[PDB]
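Order of listing sets the numbers, starting from 1, for every ligand and every atom in it. Numbered from 1 within each chain, the chains take letters A, B, ... in sequence-line order. Only this structure's heavy atoms are used, side chains among them; waters, hydrogens and symmetry mates stay out.
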Amino acid sequence: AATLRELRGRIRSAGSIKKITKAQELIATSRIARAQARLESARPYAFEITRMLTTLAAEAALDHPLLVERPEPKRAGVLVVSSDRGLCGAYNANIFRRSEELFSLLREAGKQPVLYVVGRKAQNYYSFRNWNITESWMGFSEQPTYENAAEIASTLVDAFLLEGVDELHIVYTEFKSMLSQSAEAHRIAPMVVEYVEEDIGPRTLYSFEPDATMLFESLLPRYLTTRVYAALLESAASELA
Amino acid sequence: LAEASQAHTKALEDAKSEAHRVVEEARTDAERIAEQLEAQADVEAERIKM
Amino acid sequence: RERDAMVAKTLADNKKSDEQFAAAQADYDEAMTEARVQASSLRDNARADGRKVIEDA
Amino acid sequence: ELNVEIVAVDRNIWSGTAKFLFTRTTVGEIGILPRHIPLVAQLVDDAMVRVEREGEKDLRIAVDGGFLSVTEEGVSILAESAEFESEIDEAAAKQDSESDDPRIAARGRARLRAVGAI
Amino acid sequence: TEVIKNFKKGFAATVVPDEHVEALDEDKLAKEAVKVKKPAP
Amino acid sequence: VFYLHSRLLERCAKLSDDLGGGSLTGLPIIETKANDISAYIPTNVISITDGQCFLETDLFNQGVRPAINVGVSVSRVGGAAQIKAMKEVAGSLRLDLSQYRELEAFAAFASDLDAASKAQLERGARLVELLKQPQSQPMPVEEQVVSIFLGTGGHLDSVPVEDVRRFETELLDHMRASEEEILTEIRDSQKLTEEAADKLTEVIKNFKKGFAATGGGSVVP
Amino acid sequence: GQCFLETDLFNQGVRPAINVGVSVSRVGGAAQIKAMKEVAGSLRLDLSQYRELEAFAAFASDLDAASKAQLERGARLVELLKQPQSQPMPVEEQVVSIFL
Amino acid sequence: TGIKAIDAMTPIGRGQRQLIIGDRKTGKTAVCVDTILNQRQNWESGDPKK
Amino acid sequence: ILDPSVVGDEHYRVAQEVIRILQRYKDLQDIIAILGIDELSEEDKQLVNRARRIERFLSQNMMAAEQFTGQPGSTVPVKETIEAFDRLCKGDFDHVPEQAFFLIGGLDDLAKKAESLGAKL
Amino acid sequence: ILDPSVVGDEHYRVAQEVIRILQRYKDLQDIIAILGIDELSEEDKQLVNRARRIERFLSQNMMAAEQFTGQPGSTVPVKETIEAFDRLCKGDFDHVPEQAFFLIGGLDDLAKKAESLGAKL
Ligand SMILES: Nc1ncnc2c1ncn2[C@@H]1O[C@H](COP(=O)(O)OP(=O)(O)OP(=O)(O)O)[C@@H](O)[C@H]1O
Ligand SMILES: [Mg+2]
């Protein structure tokens with residue numbers, strides 16, 4: 001006796017859990033649709049600002065701080081993008097694995113990782129390991145706005161230009177094909193000047209008001225912010241998947 | 001603005017008239033309900049007398 | 001001065017007219033819901049004293 | 001006619017055909033007609049873009065954080081924020097222009113330019 | 001209570017772990033680039 | 001013991017017209033322990049009878065009274081034991097309640113649901129509130145028809161869930177006082193013709209514009 | 001009364017393995033000296049409520065100040081009642097420990 | 001029976017057997033007593049068919 | 001006799017609401033054990049807090065239990081009980097901790113034990 | 001006895017394809033119910049249509065229904081059923097309305113019922 005009672009109790013408990021998880025899966029599907037919509041909505045501004053930055057760099061002085069690498073690299077500010085809620089799978093664990101790979105790459109080159117986190121799961125993971133989190137941002141993992149990305153990018157670029165970091169990385173989950181949620185590490189600063197080709201031959205001359213260097217240095221942090229925002233959106237869609 | 005003001009006063013007076021027409025049926029059904037209750041009174045008394 | 005005051009008065013007249021237009025339905029619903037809550041005040045006091053007399057009898 | 005594409009960080013604000021696009025870059029006011037040399041510029045903090053079509057009436061969009069790009073394709077305006085003329089309430093647009101925060105005061109002034117005042 | 005506080009006066013209670021993770025492959029750390037069209041490789 | 005109970009319950013019968021046409025309807029009662037309907041005597045009597053009304057303690061504590069589990073309750077006679085009006089207003093009730101039970105997990109995700117699914121959720125909440133009934137207060141069949149008409153026709157989609165009981169009570173009171181023709185000819189004709197349904201809709205609309213919800217709002221669509 | 005010992009609590013390191021929620025003494029404080037009766041007043045109910053809260057707050061993201069204070073005090077009280085084998089304590093030292 | 005749940009979902013006919021099954025204090029006696037009370041109008045009609 | 005005809009409408013309604021809240025809490029306990037208080041609705045979290053406070057306020061320091069806790073017992077009138085539980089059901093004490101509802105008497109003991117914890121009714 | 005050695009290879013393959021399609025439709029039915037058919041993929045919607053067609057073609061006009069309707073019942077051979085469901089699994093009838101499949105016999109009845117709603121092979 002009393003064994004059948006506990007068995008029926010566990011049965012109804014597991015039934016409640018099953019109902020809740022099925023509802024959560026269908027809700028996550030609907031919200032994946034929403035997040036993909038937001039991503040493909042933010043795509044065009046990214047394309048156009050990339051094209052304008054290329055046009056400006058064509059005739060500019062490519063010696064901006066965000067554009068030249070520094071001898072004596074002592075510190076790289078890493079921004080880890082995790083989630084706030086926890087009913088995802090190995091999402092946060094994959095982010096943390098990629099971030100540890102990045103930290104052990106940065107210690108191989110003599111740089112000291114400075115850690116910025118987005119999400120409460122990264123807060124937990126890094127406070128448990130007695131890490132030093134310079135700044136944390138929470139509450140916008142499932143629907144990030146451009147203002148959150150602007151704040152994050154401004155803080156990161158202020159730390160870069162200055163108690164100062166020589167590189168800037170982002171560890172986030174790239175979302176591709178609705179089937180590939182892959183944790184990736186990107187280097188956002190300093191950018192690398194890559195020359196593709198003259199492409200078009202002799203063409204019309206572009207006018208710049210007031211000149212190309214002013215607009216280039218005004219667009220560079222805007223481009224950093226656009227990339228941070230795209231990373232946030234990709235990580236949100238990946239978290240929902 | 002003239003039309004809007006006259007339409008406002010027209011709708012206001014019709015609203016008050018409709019308020020009156022409604023509280024009319026209100027008090028009528030109220031007295032009817034009271035009557036039904038007083039009617040139940042005598043039968044609930046006789047059901048115990050018997 | 002008169003013509004600018006005229007155009008300003010016309011703008012204000014349109015705005016106030018639309019505002020009074022909305023306030024028409026607003027106060028109509030306000031009055032009729034005051035009326036129906038007064039009505040619902042009755043038919044319960046009647047039920048109240050009906051219950052009282054049924055139980056005292 | 002020229003093709004206007006005003007896009008924001010997360011949405012396409014407007015897209016269509018126009019005969020004259022007036023705005024104000026950091027070097028001064030500018031007006032673009034159908035054919036116009038390629039140009040890249042940065043709009044002012046409290047920028048207002050006025051678009052003129054053949055039959056319609058002038059659109060008037062307050063732009064916050066904009067960059068203007070004239071090409072052979074047409075005009076393309078990048079924005080961080082944008083607000084059309086018939087979506088602004090002049091009360092908040094006026095008491096925000098008086099603020100002590102620079103970018104929010106600039107946003108208020110842009111909305112005020114868009115509603116018609118200043 | 002006095003004794004307990006005088007004793008807590010002299011009582012002595014008892015960094016990041018290594019995680020022994022191997023370095024990321026530098027080929028897999030993507031780098032944001034500015035695609036300039038000038039010829040100067 | 002199966003013979004003990006089946007011998008007793010097979011004497012409840014509907015006699016043929018040659019035998020007089022009389023009938024004996026049995027309502028046996030079985031108490032289960034811990035909702036164990038697979039016990040010996042419960043199994044026997046479930047096997048013998050023509051239908052079962054299962055009553056749960058959890059449903060009772062949630063406010064569902066009578067605490068009937070409409071999902072598992074069953075009558076094998078079915079629509080042959082209903083008048084046509086009840087057979088017509090209650091045909092869309094069982095599927096509605098099953099849909100509501102399936103969708104109950106998505107209560108706090110209405111914005112994440114199809115419009116039809118949120119409609120089914122609200123309709124099911126209204127229908128669950130409609131099947132509640134005080135103790136020792138049975139309703140004649142015409143009033144049950146009017147109530148289930150209120151439910152399944154859509155005339156409760158505008159009333160708050162927490163006001164459905166009071167709305168149905170006051171509407172039945174009104175119809176007992178004012179519009180006795182609808183109830184009288186439902187009782188006489190055993191059906192709800194189209195003109196009776198039209199007059200019923202008219203009365204419902206007038207009552208709605210007269211009715212006062214608990215949240216101060218209006219139940220007018 | 002009964003002192004219910006559990007192997008799950010024993011393995012966890014709680015020794016003696018008394019399950020405080022289901023263990024009880026029907027004599028109660030009449031079976032204690034006044035010092036012990038006054039320092040260990042509602043200790044069993046406190047530990048039962050602590051075990052309840054620890055089970056309820058197993059996956060709680062954030063907890064208010066009162067719940068966290070209860071959890072800290074209860075963890076300390078649980079660690080305080082552990083004892084080795086064949087290592088008795090006089091009643092005055094037990095009073096001092098419960099006073100701690 | 002006069003109960004909307006039964007009459008709408010699990011209708012009982014004359015000559016049928018509808019088990020009322022439940023744990024305890026779930027309302028079985030209440031259901032059956034309401035069914036008995038619902039025949040008051042049938043009895044008042046005086047018709048042996050009803 | 002827990003019937004509106006015997007105990008009154010307010011007694012019966014308060015009892016029914018208390019029972020409904022406790023039943024919903026019992027239904028949610030399994031999810032809270034496995035998935036946590038975070039995956040519940042705002043209404044469900046409100047109900048869970050109210051239910052914990054209710055189930056603690058149902059306890060009482062009894063006169064015959066002073067031999068077990070050292071605390072004297074309390075008598076609470078039925079009108080005070082009904083009014084206190086109506087307030088708990090409406091949510092007038094959702095800011096008081098879960099404790100200060102535990103082994104007390106009426107609303108005066110509730111106020112005293114809440115302020116001894118740093119709270120105000 | 002739904003085994004390739006009893007009924008044959010083609011019978012088994014057709015039955016297993018039908019069962020696979022119906023199981024996939026069963027899996028998608030809840031996504032359709034809670035979210036909507038508009039949310040599904042393109043192959044998802046195509047399979048949903050084909051599976052509704054197979055569902056309705058599994059129906060039949062029974063000989064027990066000649067008492068009410070008046071039209072006799074069908075006796076479809078095994079070969080005709082295998083061929084009809086093979087074609088239905090291929091998709092040769094995804095343009096025919098759903099109602100053309102309710103309560104018919106073999107493929108001749110399907111054609112004559114389809115052309116009554118304005119649809120050819
Ligand atoms: N429809 C109802 N609405 C409100 N209360 C009800 C309803 N039905 C029953 N109750 C209440 O439930 C309580 C128990 O019901 P009842 O005695 O009819 O159950 P029972 O099946 O006879 O259980 P037992 O035989 O063990 O007493 C009664 O006090 C009654 O007031
Ligand atoms: Mg009984």
Side-chain angles (χ1 to χ4, degrees), chain C residues 51, chain F residues 5 26-37 39 41-42 45-46 49 51-73 93 97 126-141 143-144 147-148 151 161-169 172, chain H residues 1-12 17-40, chain I residues 1-24 26 78 82 89:
Chain C
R51 180 179 181 180
Chain F
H5 282 160
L27 290 180
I29 288 171
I30 292 295
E31 149 164 341
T32 54
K33 301 183 190 180
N35 214 26
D36 190 21
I37 61 165
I41 304 301
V45 187
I46 291 165
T49 57
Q52 293 88 40
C53 301
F54 292 94
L55 278 74
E56 267 88 2
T57 302
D58 291 359
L59 278 171
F60 196 95
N61 288 335
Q62 300 169 11
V64 172
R65 293 175 184 127
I68 302 176
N69 197 340
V70 291
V72 299
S73 298
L93 196 55
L97 284 177
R126 262 84 174 167
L127 292 180
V128 166
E129 285 278 334
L130 179 89
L131 292 180
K132 303 186 184 191
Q133 206 170 338
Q135 200 188 11
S136 303
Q137 282 306 314
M139 287 163 53
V141 63
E143 297 178 355
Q144 303 179 84
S147 298
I148 301 159
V161 165
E162 66 272 17
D163 282 337
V164 167
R165 307 270 301 289
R166 200 174 46 106
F167 180 86
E168 173 212 356
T169 310
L172 288 173
Chain H
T1 62
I3 291 93
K4 289 166 296 176
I6 299 178
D7 277 0
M9 305 295 275
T10 62
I12 303 160
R17 310 155 300 179
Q18 188 70 3
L19 174 63
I20 315 293
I21 173 164
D23 285 328
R24 70 166 288 268
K25 304 288 178 182
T26 56
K28 311 186 290 296
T29 313
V31 168
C32 292
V33 163
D34 297 357
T35 307
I36 293 181
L37 291 161
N38 194 67
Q39 325 299 323
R40 168 79 180 151
Chain I
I1 68 158
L2 187 50
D3 196 56
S5 296
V6 184
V7 295
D9 286 329
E10 284 326 282
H11 195 319
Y12 184 74
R13 181 191 58 78
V14 169
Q16 296 329 298
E17 182 67 11
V18 166
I19 282 160
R20 190 196 66 84
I21 293 174
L22 294 170
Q23 177 65 42
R24 192 46 171 142
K26 179 174 247 169
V78 72
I82 294 158
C89 286

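Ion pair F:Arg166/F:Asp163 flagged as a salt bridge, since at least one NZ, NE, NH1 or NH2 atom sits closer than 4.0 Å to an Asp/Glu carboxylate oxygen. Ion pairing between I:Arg13 and I:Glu10 holds under the 4.0 Å rule for side-chain N and carboxylate O. By the 4.0 Å N-to-carboxylate-O rule, F:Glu168 lies close enough to H:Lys4 to be salt-bridged with it.
Looking at residues two or more places apart in sequence or on another chain, you find a salt bridge (charged side-chain N to carboxylate O under 4.0 Å, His left out) between C:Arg51 and I:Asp9.
Side-chain contact check for H:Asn38 and H:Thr1: no donor-acceptor pair (N or O, by modelled atom type) lies under 3.5 Å.
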Would you mind writing out a table of all protein N or O atoms found under 3.5 Å from any N or O atom of ligand 1, naming both atoms and giving the distance to 0.1 Å?
residue	atom	partner	partner atom	Å
ligand 1	1 (N)	F:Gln133	O	3.2
ligand 1	18 (O)	H:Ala30	N	3.0
ligand 1	19 (O)	H:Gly27	N	3.2
ligand 1	21 (O)	H:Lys28	N	2.8
ligand 1	21 (O)	H:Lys28	NZ	3.0
ligand 1	22 (O)	H:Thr29	OG1	2.5
ligand 1	23 (O)	H:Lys25	N	2.9
ligand 1	26 (O)	H:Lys25	N	3.3
ligand 1	27 (O)	H:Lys25	NZ	3.3
ligand 1	31 (O)	F:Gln135	OE1	2.8

Would you sort out whether I:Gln16 and F:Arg65 count as a side chain to side chain donor-acceptor pair (under 3.5 Å), showing the intermediate values? CA-CA 12 Å; I:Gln16 296 329 298; F:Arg65 293 175 184 127; 2.7 Å; yes
